[PDB]
Amino acid sequence: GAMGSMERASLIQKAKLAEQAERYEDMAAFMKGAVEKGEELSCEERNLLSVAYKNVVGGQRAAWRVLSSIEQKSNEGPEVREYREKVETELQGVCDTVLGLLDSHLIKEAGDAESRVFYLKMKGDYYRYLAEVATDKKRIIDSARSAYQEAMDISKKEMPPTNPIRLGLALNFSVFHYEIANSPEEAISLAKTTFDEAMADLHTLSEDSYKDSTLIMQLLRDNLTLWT
Amino acid sequence: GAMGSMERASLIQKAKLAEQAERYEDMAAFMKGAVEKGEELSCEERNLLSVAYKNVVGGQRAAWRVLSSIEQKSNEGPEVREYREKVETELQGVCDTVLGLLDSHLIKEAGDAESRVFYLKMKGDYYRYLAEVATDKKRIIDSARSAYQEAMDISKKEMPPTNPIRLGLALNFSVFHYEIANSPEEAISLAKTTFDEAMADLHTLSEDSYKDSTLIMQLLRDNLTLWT
Amino acid sequence: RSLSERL
Amino acid sequence: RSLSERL
Ligand SMILES: COc1ccc(C(=O)NCCN)c2cc(C(=N)N)sc12
Ligand SMILES: COc1ccc(C(=O)NCCN)c2cc(C(=N)N)sc12
Ligand SMILES: [Ca+2]
Ligand SMILES: [Ca+2]
Ligand SMILES: [Ca+2]
Ligand SMILES: [Ca+2]
Ligand SMILES: [Cl-]
Ligand SMILES: [Cl-]
Ligand SMILES: [Cl-]
Ligand SMILES: [Cl-]
Ligand SMILES: [Cl-]
Ligand SMILES: [Cl-]
Ligand SMILES: [Mg+2]
Ligand SMILES: [Mg+2]
């Protein structure tokens, strides 16, 4: 690893600075270095990892989207395809790096539901990003589905319906159903059941937990509004 | 150069795609490659060069700003200084690359006022960016001032007061006076004289030129509002 | 496009 | 901070 020279704690500290500076590539490299130290991640540290790579891959997806749309209009010189391929190859590289970190060795060492569901959701997310770009695509979709399903089974056994990780997992799994798996009815059914079960569990939450959970439930409702 | 393999025209085409995709690092590398072909740049091509590097350096300045402020609060571990230094070193590298392109060999081949004033303004801008970060600083400031002054003398002889390059040059030169050279009165006097002379020349412009010029004159007025 | 879990 | 020439 490139960050083998820096203390674990200094990598985490600099990751938070990079976030403040909105330098998400630096942030990702710092958190990649922290992971490669070999110790498990705290809840805070896991979210720093996710925030960093989600911003990096997010800019890549947005760019791939623009170029792919330009490419498809020109099909209704080689430059548009070439550069779209470059961004695409770059996006796949970031996804493979994240999946590499999860496979070596964050997932196998994650024993608590909070950490294991988080990493398996993340694994589903980044196979979903690869899927958005693939054509191979069937196998990537199955890998995404498998990771999401494993995470769902654990969250249903081990987490209350208003747990933000469980809600975010269900939200993203329903996006997978709707956008990737051509299962819009499965997407709608999962969003409804997720929303309703969380609603019934809100009475157990504190003021702050209530805010955290309802914020994510609103995304479920927004999608249902767009989907129906 | 890294782009020695690609056609000049393909570099320009991909620069415009990178702009649409908001991939300004790619855009800068593409335009750097186009410059290194050795041919002079068209008006459009010059603005692509400026847009690309201005976005790259802009993100660096914004990040350096955040970290430097964090650093100074911690002075009223080495991590904050180290990472601020990394971003700073990275910012100086981009400025040196641009100044390198201007010195090899865009400026010496720029004969028209439109191109020569543009490159000399650009040279002043990127010495100003180095100045924001320097402490060496006196020499960098003088280099910025010298480039700006040379550009001003040519624009006054060769351009009408409403020329957008002349207005943008005067605007940025006044920012230099106010923010770098501790000459707030010189900044104010230049903004007033620039605004007034352009006002008198608007009657010569078309509808579209009128819009382009007044848009930049508003920035002069905004600064004067903040400065007085 | 469908809305994802936010950060 | 003072306003620069925009793109
Ligand atoms: C819901 O996700 C989070 C949970 C907790 C924290 C956090 O500060 N924990 C302190 C020790 N437990 C955090 C920080 C983030 C950031 N820097 N963007 S996300 C995020
Ligand atoms: C004022 O600066 C400009 C002038 C002209 C053009 C342009 O299209 N010229 C076409 C041939 N003359 C342009 C394109 C930009 C861009 N891609 N962001 S800036 C910019
Ligand atoms: Ca390694
Ligand atoms: Ca139906
Ligand atoms: Ca070279
Ligand atoms: Ca005075
Ligand atoms: Cl290694
Ligand atoms: Cl590495
Ligand atoms: Cl390695
Ligand atoms: Cl070379
Ligand atoms: Cl090179
Ligand atoms: Cl070189
Ligand atoms: Mg150590
Ligand atoms: Mg050629």
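Count begins at 1; order follows the chain as displayed.
Cβ coordinates are placed from backbone N, Cα and C, and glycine is handled just like the others.
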Selected residue, Swiss-Prot feature phosphoserine, from candidates A:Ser10, A:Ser50, A:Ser155, A:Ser189: A:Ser10
Chain break of 6 residues - Cα distance A:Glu76 to A:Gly77 (Å, rounded to integer): 14
For A:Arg61 (site 'Interaction with phosphoserine on interacting protein'), nearby residues of its own chain (Cβ under 8 Å, 6 or more apart in sequence): A:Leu91, A:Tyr129, A:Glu132
A:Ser10 (phosphoserine) and A:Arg128 (site 'Interaction with phosphoserine on interacting protein'), Cα-Cα, nearest whole angstrom: 32
Cβ neighbour count within 10 Å of A:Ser10 (phosphoserine): 19
Of all listed recorded positions, namely A:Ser10, A:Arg61, A:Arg128, those lying near chain B with CB under 8 A: A:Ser10
